[PDB]
Every structure is written in structure tokens, then in C-alpha cells.
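> what's the 3D shape of this:
(chains A and B)
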Amino acid sequence: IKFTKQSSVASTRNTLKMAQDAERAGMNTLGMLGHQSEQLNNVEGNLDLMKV
Amino acid sequence: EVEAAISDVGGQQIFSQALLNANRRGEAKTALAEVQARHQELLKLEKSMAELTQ
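Residues are numbered from 1 along each chain as shown, chains lettered A, B, ... in the order given. Sharing the structure here:
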């Protein structure tokens, strides 16, 4: 019973760690997508001016 | 003629032992025996979220 509990504790530790790391991965992805959104807004503006 | 021979009465002491609740049963009783199947579930979260992070 004690061993199984220890295994559960270790597994929850790993789960929390690598979950937090996934949080990071998605976060920097979103900041990055906002950056590229701004860049594409510039692209769109240049294309409009070019149409005129 | 006479003298002493057997005497006392009002004088004795006793220790006291003790058993324990039955329900107690084996240590495995709620949050003990369930930790076997709760671990497989937790290994499932670990895995499914390994898929998530990958």
C-alpha cells in the first residue's frame, strides 16, 4: 500500500511538471501568433496601398 | 493459646488491557486499497497529457 502511494506521488509530480511545461509551450506559441498577426496586418496594409 | 493467621481483605489492584474497533480491518480501508486503481488512473492523466504536451 505504501509503495503504491509513493508511485502515485511520483506520477503526480511528473504530471504537474510536464503539464506546466505544456502551459509554457502554448503560451509562447500564442505570443508568437500575435506577433505574426501584427506582421500580417502590415502585409495587408501594404497590399491595399499597392492595389491603389 | 492464640495469635495471628490470615488477614487483609480491603486491598487489591488491577491492570487493564484493550482491544480495538473491527471496521479498522486491514490497513487498506478507503484511501489505501483504492490507491492501486487510483494510480492507474493517474498514470492515464500523465500519458494523455504526455500526448497533450507532445
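> element containing residue 13?
All of this is about chain A. Using DSSP states H and E, residue A:13 maps to helix A:2-51.
> what sits up against stretch A:4-16?
For stretch A:4-16, the surrounding residues in contact (CB atoms under 8 Å, 6 or more residues apart in numbering or on different chains) are B:35, B:36, B:38, B:39, B:42, B:43, B:45, B:46, B:49. Where C-beta positions appear, they are placed from N, C-alpha and C, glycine not excepted.
> Show me how to select, in PyMOL, the buried members of these.
Selecting only the buried entries of the contacts of stretch A:4-16 in PyMOL, with 16 or more other CB atoms under 10 Å in any protein chain shown as the criterion:
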select buried, chain B and resi 35+39+42+46+49
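> Pull out whichever of the contacts of stretch A:4-16 are also neighbours of chain A.
With CB under 8 Å from any CB of the partner chain as the criterion, the contacts of stretch A:4-16 include B:35, B:36, B:38, B:39, B:42, B:43, B:45, B:46, B:49 near chain A.
> Reformat those as TSV; add secondary structure.
Shown next, in TSV, are those (DSSP: H, G, I helix; E, B strand; the rest coil):
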residue	secondary structure
B:35	helix
B:36	helix
B:38	helix
B:39	helix
B:42	helix
B:43	helix
B:45	helix
B:46	helix
B:49	helix
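> which of these sit farthest apart?
B:36 and B:49 (21.2 Å; CB to CB).
> before we move on, the earlier item: roughly how far out does the helix holding residue A:13 sit from the chain middle?
Distance of helix A:2-51 from its chain centroid, counting by CA atoms, centre = their mean, to the nearest Å, is 0 Å.
> Next: stretch B:42-54.
36 Å.
> which other residues reach it?
Contacts of stretch B:42-54 (CB under 8 Å, 6+ apart): A:8, A:11, A:12, A:14, A:15, A:18, A:19, A:21, A:22, A:25.
> Reformat those residues as JSON lines; add neighbour count.
Below are the contacts of stretch B:42-54 laid out as JSON lines (neighbours: other CB atoms under 10 Å in any protein chain shown):
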{"residue": "A:8", "neighbour count": "18"}
{"residue": "A:11", "neighbour count": "19"}
{"residue": "A:12", "neighbour count": "14"}
{"residue": "A:14", "neighbour count": "15"}
{"residue": "A:15", "neighbour count": "18"}
{"residue": "A:18", "neighbour count": "16"}
{"residue": "A:19", "neighbour count": "16"}
{"residue": "A:21", "neighbour count": "10"}
{"residue": "A:22", "neighbour count": "15"}
{"residue": "A:25", "neighbour count": "12"}
